[PDB]
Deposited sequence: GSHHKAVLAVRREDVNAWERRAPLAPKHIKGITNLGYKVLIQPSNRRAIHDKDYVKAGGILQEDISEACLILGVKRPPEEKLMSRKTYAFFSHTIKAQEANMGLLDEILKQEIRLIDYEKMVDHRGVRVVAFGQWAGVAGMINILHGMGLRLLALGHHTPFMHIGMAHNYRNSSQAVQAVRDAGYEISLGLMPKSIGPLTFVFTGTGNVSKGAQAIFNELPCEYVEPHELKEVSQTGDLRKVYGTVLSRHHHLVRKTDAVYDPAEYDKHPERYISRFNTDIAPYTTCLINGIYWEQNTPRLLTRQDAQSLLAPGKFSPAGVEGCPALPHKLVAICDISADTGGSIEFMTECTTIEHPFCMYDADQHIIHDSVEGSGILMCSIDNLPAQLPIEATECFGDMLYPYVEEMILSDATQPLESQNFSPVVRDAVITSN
């Protein structure tokens, strides 16, 4: 009846953990022994887990349940243990049980163990930092220059203070007037969209309805930034009669299109995309839409759309084919329909599509992930990869999450 948190080795930038010291304290209070594999890579220091009752050892063969952020590869995986991770044949010989956090879903079917809003919180900070660089490359110093990447801050609190400081400069009228008012569009309904809005709320922001973007993008107060939250009924219409039936779209999305390209996109400065996109879902923007959207000392912007940030890792933007890295976060989409990875001064739209956004705020990501995983840890400690799964007293959340 021993638990172990293994060290991450998949990536040099994987600084998260499946549990925080607060969760190790609660598990040790139940009487369970917790082993902590040493890791200079983790954002939360080893001694914080030791202060919470965790024992730090390099050998975790004593444990029955071994928790990790990503799946252990080849030799590191050993027999007669129960593992859990994100992401056959010889499983039965080695008698090991593998659990995938992604498969932990409730009766409704929505995932219970995720990273929550922190992909959106980090994405909003990154795209605000990216707009500062992109607008300066176009010849405009803005308060967005005083916002760094999400991983340059100890936590979201420190990042919020930087966003509020830059927002104060905007309220003082220090924005260049020639580029006009800035409009931000939030798509999607998940927690990542709410996390992006949480950062946006620290600016001198004003929320408007999607139909107001056309007027707001022309006459908006230059001491403010403007945002709108896009719902399905704002842009999805039937191909035949332009009617929106919410139940019909949820069953037959192939009967609908998106007027985002004509109704919203021409009046959008920055698009924060958190859309859940399936293969037969109407696309938000096509390649031809991008071609149409791109056509003295205080000059205006070449095009209204400055940048796009993908915070849900999800084909709705046709020309956002490739992904980016925390070290190289931004790329450009040229009017020649080419992807430029480092030419922020080039022609086009700034684009950001980092796949490990929560890893930029790994402390709070570890705590939020650990808060979701905590109510299922004890039943996973009592797991016996030797005994059959039917004998184990698993909740349907954990039982369905077993991939072996």
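Stretches of the deposited sequence lacking C-alpha coordinates, numbered from 1: 1-5, 93-104, 313-321, 341-342, 433-434.
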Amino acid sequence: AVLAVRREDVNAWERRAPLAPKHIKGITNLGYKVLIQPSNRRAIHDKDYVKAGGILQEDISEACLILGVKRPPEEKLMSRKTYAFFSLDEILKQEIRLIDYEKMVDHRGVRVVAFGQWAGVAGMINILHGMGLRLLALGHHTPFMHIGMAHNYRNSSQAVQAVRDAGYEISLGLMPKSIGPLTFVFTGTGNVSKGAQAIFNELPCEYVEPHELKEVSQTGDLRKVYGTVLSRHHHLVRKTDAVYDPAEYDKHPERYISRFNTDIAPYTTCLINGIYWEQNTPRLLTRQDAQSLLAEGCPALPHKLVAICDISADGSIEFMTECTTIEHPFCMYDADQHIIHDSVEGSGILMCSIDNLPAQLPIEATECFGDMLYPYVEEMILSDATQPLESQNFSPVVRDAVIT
From here on, numbers count along this sequence of modelled residues.
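Just going by the entry, 388-396 versus 9-17 on mean CA temperature factor gives the higher value to 388-396. The mean Cα B-factor in the deposited entry runs higher for 234-242 than for the other of 135-143 and 234-242. When the C-alpha B factors of 313, 174, 185, 309 are read from the deposited coordinates, the top value falls at 313. When the C-alpha B-factors of 205, 88, 257, 216 are ranked from the entry, the top spot goes to 88. Residue 62: CA B factor in the highest third of modelled residues in this chain (values from the PDB entry). Sort the chain's modelled residues by C-alpha temperature factor and residue 342 lands in the highest third, per the entry.
Compared with the other modelled residues of the chain, the Cα B-factor recorded for residue 79 ranks in the highest third. When the modelled residues of the chain are ordered by C-alpha B-factor, residue 152 sits in the lowest third. In the PDB entry, residue 158 places in the lowest third of its chain by CA B-factor.
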